[PDB]
Amino acid sequence: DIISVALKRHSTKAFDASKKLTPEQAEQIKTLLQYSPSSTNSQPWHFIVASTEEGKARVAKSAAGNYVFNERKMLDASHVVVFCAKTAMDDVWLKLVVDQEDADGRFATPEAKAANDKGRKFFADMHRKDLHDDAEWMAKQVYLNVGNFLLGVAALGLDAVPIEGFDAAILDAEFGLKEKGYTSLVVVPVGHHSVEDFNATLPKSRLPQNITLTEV
Amino acid sequence: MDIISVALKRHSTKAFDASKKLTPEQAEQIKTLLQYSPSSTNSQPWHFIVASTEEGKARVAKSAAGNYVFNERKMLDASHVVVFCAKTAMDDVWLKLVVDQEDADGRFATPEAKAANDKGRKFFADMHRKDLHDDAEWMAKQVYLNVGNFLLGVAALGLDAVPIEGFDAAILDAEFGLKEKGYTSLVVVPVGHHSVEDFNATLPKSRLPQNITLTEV
Ligand SMILES: Cc1cc2nc3c(=O)[nH]c(=O)nc-3n(C[C@H](O)[C@H](O)[C@H](O)COP(=O)(O)O)c2cc1C
Ligand SMILES: Cc1cc2nc3c(=O)[nH]c(=O)nc-3n(C[C@H](O)[C@H](O)[C@H](O)COP(=O)(O)O)c2cc1C
């Protein structure tokens, strides 16, 4: 029952470090990251999955200054996912995507592949050549991925918290992301909440539909 | 899984069967999904237009013009069509609305707790508006996060859908007078049941391998 899932999930404020993902769950979260949809199947993303003490410590360097309120979450969760966007959309990536779609059997003819490549480049060029918003466009797809992910991990029976409160320059530097062509956007600790998670027992709150939603 | 299966089996529907409508229950449930998405600071910087009448869907479909004409039938034939909109600016009235709703819903034990929450939210809001100069993008990002939640959600309800960026947001904004109301359209998502014309229903799903996209540490 996915509505039950959506209503019962919450942003976890404290994790029980002793409660690890099962081997299975650890693979299933990777599956979720991989299989998110994205505009033109552009998949303009990279994920860091930190499951070791050393790994999580490296990520937690980013919870500095104004962001110390997020350090323990990064340290204490079983697994921590860093969602990264490409910094620019290049033709090598676009060829990578269409070639993969071909390998997977999505095209019956050379003509169908070529039409798919043309359609993808129409959108990619709109953003990188005309609007000059390809960095934002790609970051949007990564956020869509995050939204898919948070509901998915909840449906697996796992706790999570999305985090924008981190220093992306520190995180990028720690993992050499800039030279690799990526930048960190959202950190998502995944695991099981502790009794210290004050948010597990508080009511959820949302604006009423009479403000946010119009039916036509 | 109960959800991995859903993720592996869902697809972007290319054609809908117009006769197959959401049940009243399903129509309620999709509204619940829209409302209950998370967002940075619970800022909820969004508005939704849910078109279910033929006349409503037709108005939305007006945006699929020019380069986007072969997204029109998706928008007309689906049972329900959701227009995801972002706020164009994050005003103090909205920030107060959010914290007052949290207070109404019992999230604060004291006035001091409420004030601390409001202060933290205004901190992030001001950073985006004043220093990063990306407040529009920041809000749009929350809307895209909502879309991701929504696509999985509807798939898990056993409903077909397709996310659509192939539309003219200026036309759509004008049709529904969004600019003046402080909003702009980002993504259109028709929801319903696919038809035999949906060529994508039977094709294998394709993603880049994890050895390219994923690093374990
Ligand atoms: C993109 C994003 C970033 C967020 N950043 C943080 C964060 O840095 N620290 C934190 O504790 N919560 C963070 N949150 C959690 C939000 O406050 C939370 O989603 C919102 O209050 C709604 O509550 P819920 O997630 O329990 O439904 C963030 C949420 C989102 C969607
Ligand atoms: C933000 C976004 C916009 C998209 N726009 C369109 C669109 O305009 N027309 C269309 O047919 N499909 C659209 N798609 C569907 C993508 O092509 C699709 O998600 C991708 O090829 C992966 O396929 P899947 O959704 O079947 O898993 C869009 C998807 C996303 C996430």
# chains A, B, ... in the order shown; residues from 1 in each chain; ligands from 1
>>> residues_around(residues="residue 34 in chain B", least_positions_apart="6", cutoff="9 Å", atoms="only C-alpha atoms", output="list in words")
residues 213 of chain A; 48, 146, 147, 149 and 150 of chain B
>>> residues_near_ligand(ligand="ligand 2", cutoff="7 Å", atoms="only C-alpha atoms and all ligand atoms", output="VMD selection string")
(chain A and resid 35 to 41 141) or (chain B and resid 10 to 12 14 71 162 to 167 187 200 205)
>>> write_last_selection(atoms="C-alpha atoms", output="compact mmCIF listing (two decimals), in the first residue's frame")
# COMPACT_ATOMS: atom_id res chain seq x y z
CA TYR A 35 16.33 2.68 -12.45
CA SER A 36 14.96 6.18 -11.80
CA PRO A 37 13.55 7.78 -14.93
CA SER A 38 15.06 11.01 -16.32
CA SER A 39 14.40 13.34 -19.22
CA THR A 40 15.41 11.60 -22.46
CA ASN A 41 16.83 8.79 -20.25
CA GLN A 141 16.75 15.00 -12.95
CA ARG B 10 7.00 0.79 -14.59
CA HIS B 11 7.42 2.67 -17.84
CA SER B 12 6.76 5.92 -19.58
CA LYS B 14 3.31 6.58 -24.93
CA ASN B 71 2.63 14.93 -26.71
CA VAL B 162 4.40 9.49 -18.34
CA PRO B 163 6.43 12.53 -17.25
CA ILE B 164 6.46 15.28 -19.88
CA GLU B 165 8.95 18.13 -20.32
CA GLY B 166 7.96 18.35 -24.01
CA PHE B 167 5.53 21.22 -23.65
CA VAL B 187 6.29 19.05 -15.72
CA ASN B 200 7.03 1.46 -24.93
CA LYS B 205 13.98 -0.95 -19.98
>>> closest_residue(among="A:16, A:133, A:172, A:179", to="chain B", atoms="only C-alpha atoms")
A:133
>>> residues_near_ligand(ligand="ligand 1", cutoff="9 Å", atoms="only C-alpha atoms and all ligand atoms", output="VMD selection string")
(chain A and resid 6 to 13 67 69 to 70 73 143 146 to 147 150 160 to 166 185 to 188 199 to 200 202 to 206) or (chain B and resid 36 to 44 138 141 to 142 145 to 146)
>>> residues_around(residues="residue 3 in chain A", least_positions_apart="5", cutoff="10 Å", atoms="only C-alpha atoms", output="PDB file with N, CA, C and O atoms, in the first residue's frame")
ATOM      1  N   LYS A   8       3.433   7.502   6.164  1.00  0.00           N
ATOM      2  CA  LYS A   8       4.132   7.030   7.370  1.00  0.00           C
ATOM      3  C   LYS A   8       5.624   7.292   7.335  1.00  0.00           C
ATOM      4  O   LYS A   8       6.262   7.228   8.391  1.00  0.00           O
TER       5      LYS A   8
ATOM      6  N   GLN B  29      -6.302   9.415  -4.058  1.00  0.00           N
ATOM      7  CA  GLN B  29      -4.960   8.950  -3.731  1.00  0.00           C
ATOM      8  C   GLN B  29      -3.865   9.712  -4.465  1.00  0.00           C
ATOM      9  O   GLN B  29      -2.801   9.988  -3.886  1.00  0.00           O
ATOM     10  N   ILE B  30      -4.078  10.070  -5.725  1.00  0.00           N
ATOM     11  CA  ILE B  30      -3.008  10.806  -6.427  1.00  0.00           C
ATOM     12  C   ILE B  30      -2.848  12.196  -5.829  1.00  0.00           C
ATOM     13  O   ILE B  30      -1.747  12.742  -5.786  1.00  0.00           O
ATOM     14  N   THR B  32      -3.292  12.879  -2.629  1.00  0.00           N
ATOM     15  CA  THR B  32      -2.523  12.605  -1.408  1.00  0.00           C
ATOM     16  C   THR B  32      -1.023  12.552  -1.714  1.00  0.00           C
ATOM     17  O   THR B  32      -0.212  13.149  -1.004  1.00  0.00           O
ATOM     18  N   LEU B  33      -0.653  11.842  -2.769  1.00  0.00           N
ATOM     19  CA  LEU B  33       0.771  11.770  -3.168  1.00  0.00           C
ATOM     20  C   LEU B  33       1.392  13.149  -3.416  1.00  0.00           C
ATOM     21  O   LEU B  33       2.508  13.441  -2.955  1.00  0.00           O
ATOM     22  N   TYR B  36       1.808  15.128   0.016  1.00  0.00           N
ATOM     23  CA  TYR B  36       2.669  14.598   1.074  1.00  0.00           C
ATOM     24  C   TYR B  36       4.144  14.351   0.692  1.00  0.00           C
ATOM     25  O   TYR B  36       4.911  13.864   1.505  1.00  0.00           O
ATOM     26  N   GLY B 153       4.885   6.397  -7.004  1.00  0.00           N
ATOM     27  CA  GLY B 153       3.643   6.237  -6.288  1.00  0.00           C
ATOM     28  C   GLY B 153       2.537   5.722  -7.187  1.00  0.00           C
ATOM     29  O   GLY B 153       1.884   4.735  -6.877  1.00  0.00           O
ATOM     30  N   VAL B 154       2.324   6.393  -8.300  1.00  0.00           N
ATOM     31  CA  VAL B 154       1.237   5.981  -9.187  1.00  0.00           C
ATOM     32  C   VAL B 154       1.514   4.609  -9.754  1.00  0.00           C
ATOM     33  O   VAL B 154       0.611   3.788  -9.874  1.00  0.00           O
ATOM     34  N   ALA B 156       2.979   2.185  -8.264  1.00  0.00           N
ATOM     35  CA  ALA B 156       2.661   1.252  -7.185  1.00  0.00           C
ATOM     36  C   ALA B 156       1.158   1.088  -6.938  1.00  0.00           C
ATOM     37  O   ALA B 156       0.729   0.122  -6.300  1.00  0.00           O
ATOM     38  N   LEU B 157       0.377   2.065  -7.384  1.00  0.00           N
ATOM     39  CA  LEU B 157      -1.082   1.975  -7.350  1.00  0.00           C
ATOM     40  C   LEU B 157      -1.613   1.179  -8.528  1.00  0.00           C
ATOM     41  O   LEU B 157      -2.831   0.953  -8.643  1.00  0.00           O
TER      42      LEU B 157
END
>>> select_by_dssp(residues="range 59-190 of chain B", states="helix (DSSP H, G or I)", output="PyMOL selection string")
chain B and resi 59-61+66-77+92-104+111-132+135-156+169-176+178-181
>>> write_last_selection(atoms="C-alpha atoms", output="mmCIF file, in the first residue's frame")
data_model
loop_
_atom_site.group_PDB
_atom_site.id
_atom_site.type_symbol
_atom_site.label_atom_id
_atom_site.label_comp_id
_atom_site.auth_asym_id
_atom_site.auth_seq_id
_atom_site.Cartn_x
_atom_site.Cartn_y
_atom_site.Cartn_z
ATOM 1 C CA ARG B 59 -6.702 23.392 -21.957
ATOM 2 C CA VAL B 60 -3.525 21.643 -20.743
ATOM 3 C CA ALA B 61 -3.071 20.031 -24.167
ATOM 4 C CA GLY B 66 5.059 23.443 -32.264
ATOM 5 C CA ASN B 67 7.902 21.018 -31.585
ATOM 6 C CA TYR B 68 5.699 19.258 -28.973
ATOM 7 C CA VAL B 69 2.571 18.292 -30.966
ATOM 8 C CA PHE B 70 3.041 14.518 -30.462
ATOM 9 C CA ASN B 71 2.630 14.929 -26.712
ATOM 10 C CA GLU B 72 -0.984 16.188 -27.200
ATOM 11 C CA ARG B 73 -2.743 12.806 -27.359
ATOM 12 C CA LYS B 74 -1.068 11.697 -24.068
ATOM 13 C CA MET B 75 -2.560 14.749 -22.376
ATOM 14 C CA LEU B 76 -6.057 14.197 -23.808
ATOM 15 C CA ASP B 77 -6.389 10.402 -23.555
ATOM 16 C CA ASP B 92 7.695 35.750 3.749
ATOM 17 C CA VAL B 93 3.945 35.196 3.659
ATOM 18 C CA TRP B 94 4.594 31.661 2.337
ATOM 19 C CA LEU B 95 7.304 30.971 4.938
ATOM 20 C CA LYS B 96 4.876 32.020 7.684
ATOM 21 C CA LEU B 97 2.124 29.880 6.162
ATOM 22 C CA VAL B 98 4.389 26.832 6.383
ATOM 23 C CA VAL B 99 5.532 27.299 9.998
ATOM 24 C CA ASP B 100 2.029 28.236 11.176
ATOM 25 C CA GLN B 101 0.677 25.028 9.571
ATOM 26 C CA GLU B 102 3.439 23.016 11.342
ATOM 27 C CA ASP B 103 2.368 24.680 14.595
ATOM 28 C CA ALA B 104 -1.328 23.947 13.883
ATOM 29 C CA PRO B 111 7.058 29.115 21.163
ATOM 30 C CA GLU B 112 10.875 28.916 21.311
ATOM 31 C CA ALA B 113 10.818 25.688 19.248
ATOM 32 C CA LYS B 114 8.554 27.362 16.671
ATOM 33 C CA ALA B 115 10.800 30.422 16.467
ATOM 34 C CA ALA B 116 13.891 28.239 16.006
ATOM 35 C CA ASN B 117 12.177 26.407 13.150
ATOM 36 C CA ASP B 118 11.134 29.646 11.467
ATOM 37 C CA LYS B 119 14.687 31.034 11.883
ATOM 38 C CA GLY B 120 16.323 27.957 10.333
ATOM 39 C CA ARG B 121 13.908 28.057 7.384
ATOM 40 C CA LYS B 122 14.446 31.793 6.754
ATOM 41 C CA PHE B 123 18.233 31.096 6.889
ATOM 42 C CA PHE B 124 18.051 28.631 3.992
ATOM 43 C CA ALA B 125 15.568 30.805 2.094
ATOM 44 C CA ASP B 126 17.753 33.909 2.402
ATOM 45 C CA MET B 127 20.881 31.976 1.375
ATOM 46 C CA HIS B 128 19.212 30.936 -1.905
ATOM 47 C CA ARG B 129 17.692 34.331 -2.646
ATOM 48 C CA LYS B 130 20.543 36.633 -1.573
ATOM 49 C CA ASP B 131 23.813 34.722 -1.914
ATOM 50 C CA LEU B 132 23.401 31.790 -4.290
ATOM 51 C CA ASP B 135 15.914 30.514 -5.360
ATOM 52 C CA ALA B 136 13.810 29.783 -8.468
ATOM 53 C CA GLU B 137 15.981 26.732 -9.239
ATOM 54 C CA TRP B 138 15.976 25.630 -5.569
ATOM 55 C CA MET B 139 12.144 25.601 -5.591
ATOM 56 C CA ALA B 140 12.025 23.885 -9.006
ATOM 57 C CA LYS B 141 14.302 21.175 -7.583
ATOM 58 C CA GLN B 142 11.717 20.468 -4.836
ATOM 59 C CA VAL B 143 9.022 20.189 -7.509
ATOM 60 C CA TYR B 144 11.111 17.665 -9.465
ATOM 61 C CA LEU B 145 11.589 15.705 -6.245
ATOM 62 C CA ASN B 146 7.778 15.653 -5.897
ATOM 63 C CA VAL B 147 7.527 14.373 -9.512
ATOM 64 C CA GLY B 148 9.892 11.497 -8.712
ATOM 65 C CA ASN B 149 7.881 10.525 -5.648
ATOM 66 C CA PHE B 150 4.690 10.767 -7.744
ATOM 67 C CA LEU B 151 5.871 8.561 -10.646
ATOM 68 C CA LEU B 152 6.791 5.699 -8.336
ATOM 69 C CA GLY B 153 3.643 6.237 -6.288
ATOM 70 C CA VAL B 154 1.237 5.981 -9.187
ATOM 71 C CA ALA B 155 3.096 2.967 -10.559
ATOM 72 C CA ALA B 156 2.661 1.252 -7.185
ATOM 73 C CA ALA B 169 5.418 26.368 -20.373
ATOM 74 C CA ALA B 170 4.693 29.937 -21.566
ATOM 75 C CA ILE B 171 1.521 28.771 -23.318
ATOM 76 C CA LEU B 172 0.493 26.655 -20.297
ATOM 77 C CA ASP B 173 1.251 29.480 -17.854
ATOM 78 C CA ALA B 174 -0.871 31.882 -19.888
ATOM 79 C CA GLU B 175 -3.760 29.416 -20.170
ATOM 80 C CA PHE B 176 -4.044 29.161 -16.386
ATOM 81 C CA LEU B 178 0.030 31.296 -13.401
ATOM 82 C CA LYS B 179 2.561 34.135 -13.678
ATOM 83 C CA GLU B 180 0.229 36.611 -12.014
ATOM 84 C CA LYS B 181 -0.510 34.065 -9.279
#
>>> closest_residue(among="A:125, A:27, A:91, A:104", to="chain B", atoms="only C-alpha atoms")
A:104
>>> closest_residue(among="A:88, A:5, A:216, A:158", to="residue 193 in chain A", atoms="only C-alpha atoms")
A:158
>>> closest_residue(among="A:136, A:71, A:101, A:90", to="residue 121 in chain A", atoms="only C-alpha atoms")
A:90
>>> select_by_dssp(residues="range 97-214 of chain B", states="strand (DSSP E)", output="PyMOL selection string")
chain B and resi 160-161+183-192+214
>>> closest_atom_pairs(of="range 113-192 of chain A", to="range 46-66 of chain A", cutoff="6 Å", atoms="only C-alpha atoms", output="tab-separated table")
residue	atom	partner	partner_atom	distance
A:166	CA	A:63	CA	5.0
A:167	CA	A:62	CA	4.8
A:170	CA	A:62	CA	5.4
A:171	CA	A:62	CA	5.3
>>> closest_residue(among="A:111, A:99, A:15, A:151", to="chain B", atoms="only C-alpha atoms")
A:151
>>> residues_around(residues="residue 29 in chain A", least_positions_apart="4", cutoff="8 Å", atoms="only C-alpha atoms", output="MDAnalysis selection string")
chainID A and resid 25 33 149 153
>>> write_last_selection(atoms="C-alpha atoms", output="compact mmCIF listing (two decimals), in the first residue's frame")
# COMPACT_ATOMS: atom_id res chain seq x y z
CA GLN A 25 18.57 -4.24 0.93
CA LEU A 33 19.26 4.68 -7.90
CA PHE A 149 14.56 7.01 -3.87
CA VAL A 153 13.58 3.06 0.60
>>> closest_residue(among="A:148, A:182, A:98, A:82", to="chain B", atoms="only C-alpha atoms")
A:148
